[PDB]
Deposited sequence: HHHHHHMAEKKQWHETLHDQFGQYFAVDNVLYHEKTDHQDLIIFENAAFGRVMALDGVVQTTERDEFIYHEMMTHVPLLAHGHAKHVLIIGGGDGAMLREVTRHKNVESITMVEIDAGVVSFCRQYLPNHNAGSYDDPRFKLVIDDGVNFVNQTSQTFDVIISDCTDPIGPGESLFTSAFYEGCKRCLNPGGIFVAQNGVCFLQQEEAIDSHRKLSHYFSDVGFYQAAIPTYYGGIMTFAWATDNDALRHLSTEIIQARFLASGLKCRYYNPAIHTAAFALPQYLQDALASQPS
């Protein structure tokens, strides 16, 4: 038995299935979790791989630390999306953070992942600083009048952004997952154009996650603080040393390098 990703019609990745843990199909949607020898538990929705037990660390580490440590002093973080809770787990590892908020489309997708992908959250939901909200992320343009230092968007409308800015403290950073960059860059170009309307410094960093096929993936970076992505690797290293994470992909060399983009991507943005 095998399982093919359907994200593109012309090519994909596939996996051997050792065992299916969960499978559901409606006329509209199709959700699955199965074990594979190489990548452990694999979650896939409507034929598109969402996350993998064995490689999610790259995604979540890079998605989280790069901004948290670039910002010096992030005390409140908002996660949009991230039902699996991996992001929560990583944000949790910063002792200096004092509040975390996860906005999610519904309370079902979280307790589901909690049951079938326990190593994503890794007990992180029990953390005292955590708060779950059920809502449209875009709805949070509503704000509870709440206010954050970092926003991590774990999934890309313009409506979503103005809201993001309204409720970002002054020094703050917005990062979002912006897809694999080899095949097409329009998504990057569009993101940049939109984000630039609300932020004075907009760019991208990158990481290559095995299970998001096609080379490097691009993470949007948006902030009014135009220094934050030109920090010396030395200072990141100082910040890294303590609070002291022990990561498995991330490190201060990686962090700095993350911001070098391949030539095709840069061209495309000019």
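Student: Missing CA coverage against the deposited sequence, listed in sequence order.
Tutor: No C-alpha coordinates exist for 1-10, 166-175, 291-294.
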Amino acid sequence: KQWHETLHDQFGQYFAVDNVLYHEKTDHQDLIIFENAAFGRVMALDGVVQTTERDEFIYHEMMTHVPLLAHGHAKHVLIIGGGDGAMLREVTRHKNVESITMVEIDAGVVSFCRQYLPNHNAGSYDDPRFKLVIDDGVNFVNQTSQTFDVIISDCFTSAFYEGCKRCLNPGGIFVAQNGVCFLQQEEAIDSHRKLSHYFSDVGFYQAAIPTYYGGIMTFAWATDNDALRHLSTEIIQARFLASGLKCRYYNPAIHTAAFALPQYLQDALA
From here on, numbers count along this sequence of modelled residues.
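Student: Mean CA B-factor: is it higher for 118-126 or for 143-151?
Tutor: Higher mean C-alpha B-factor in the PDB entry: 143-151.
Student: Could you check which stretch, 31-39 or 63-71, carries the larger mean CA temperature factor in the entry?
Tutor: Looking at the record's C-alpha B-factors, the answer is 31-39.
Student: Highest Cα temperature factor in the entry, among the options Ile79, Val110, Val97, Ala86: which one is it?
Tutor: Highest CA B-factor of the listed options: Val110.
Student: Split into thirds by Cα B-factor across the chain's modelled residues, where does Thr211 land: lowest, middle or highest?
Tutor: Lowest third, going by the recorded CA B-factors of the chain.
Student: Compared with the other modelled residues in the chain, in which third is the CA B-factor of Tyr249?
Tutor: Bottom third by C-alpha B-factor.
Student: Quick check on the deposited entry: does the C-alpha B-factor of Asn178 sit in the lowest, middle or highest third of its chain?
Tutor: Middle third of the chain for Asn178's C-alpha B-factor.
Student: Within this chain's modelled residues, let me know which third the CA B factor of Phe259 belongs to: lowest, middle or highest.
Tutor: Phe259: CA B-factor falls in the lowest third of its chain.
Student: Can you tell me which third, lowest, middle or highest, the CA B-factor of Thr101 falls into for its chain?
Tutor: Middle third, going by the recorded CA B-factors of the chain.
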